[PDB]
Structure formats: C-alpha cells, structure tokens
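J.: need a structure here:
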Amino acid sequence: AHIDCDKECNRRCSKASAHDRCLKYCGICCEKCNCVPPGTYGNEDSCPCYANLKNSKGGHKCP
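T.: Numbers count the residues shown, from 1 in each chain. Have a look at this structure:
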C-alpha cells in the first residue's frame, strides 16, 4: 500500500531550507518507490527502494 512519504518526508526536511522543493520532490520520488529513510545518512541502505533511486549522472536525484 501507499505510505505517507509526505508526512514522513515532512520530518526529513522538516527544517530544510527547501522544506518544499524537498518534500515536493519526495512527493514524486515516493511514487517511484514508497520508501522513507530516517533522518539523512547511510540509512538509505535500509530503504534501497528509494536509495537505488538515482539519476543518470549517478547522483541522488531525490533529497
């Protein structure tokens, strides 16, 4: 089922300069892979669904 990547991301970038560009972006990445890791770090591994989610350049396209 769909997870609250918005309500969750709301924390990831709860105080991020781009509280929007971040969340928003997550609002999409979520669709790509319903994964929301804690804070920000290697934790990604935990949720590769979104981790593996990168661009062509090979950089984290998602926040």
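J.: show me which helix runs longest in the chain.
T.: The helix that spans the most residues within the chain, counting by DSSP state H, is helix 19-32.
J.: what's the following helix or strand after it?
T.: Note on helix 19-32: by DSSP states H and E, the next helix or strand toward the C-terminus is helix 48-51.
J.: buried residues in that following helix?
T.: 49, 50, 51 (16 or more other C-beta atoms under 10 Å). For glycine as for every other residue, the C-beta is placed from the backbone atoms N, C-alpha and C.
J.: now residue 9, nearest residue through space, not along the chain?
T.: Once flanking residues are discounted, residue 9 sits nearest to residue 26: 3.7 Å by C-beta to C-beta, 6 or more residues apart in numbering.
J.: tally of neighbours for the one you found?
T.: By other C-beta atoms under 10 Å, 21 other residues sit near residue 26.
J.: again, but for the one 10 residues further on
T.: A count of nearby residues for residue 36, using other C-beta under 10 Å, gives 21.
J.: show me the contacts for it.
T.: Contacts for residue 36 (C-beta atoms under 8 Å, 6 or more residues apart in numbering) come out as 3, 4, 5, 8, 9, 12, 26, 30, 47, 50.
J.: right, and the third one touches residue 29 too?
T.: Which is residue 5. Yes: Residue 5 is in contact with residue 29 according to C-beta atoms under 8 Å; the separation is 7.4 Å.
J.: need the contact list for residue 6.
T.: Counting by C-beta under 8 Å, 6+ apart, residue 6 touches 23, 26, 27, 30.
J.: give me the three-state assignment for the residue in the chain sticking out farthest from the centre.
T.: Residue farthest from the centre of the chain, counting by C-alpha atoms, centre = their mean, is residue 57 at 17.7 Å. Secondary structure, DSSP: H, G, I helix; E, B strand; the rest coil: residue 57 is coil.
J.: how close does it sit to residue 7?
T.: 29 Å (C-beta to C-beta, to the nearest Å).
J.: swap in residue 50?
T.: According to C-beta to C-beta, residue 50 and residue 7 sit 15 Å apart.
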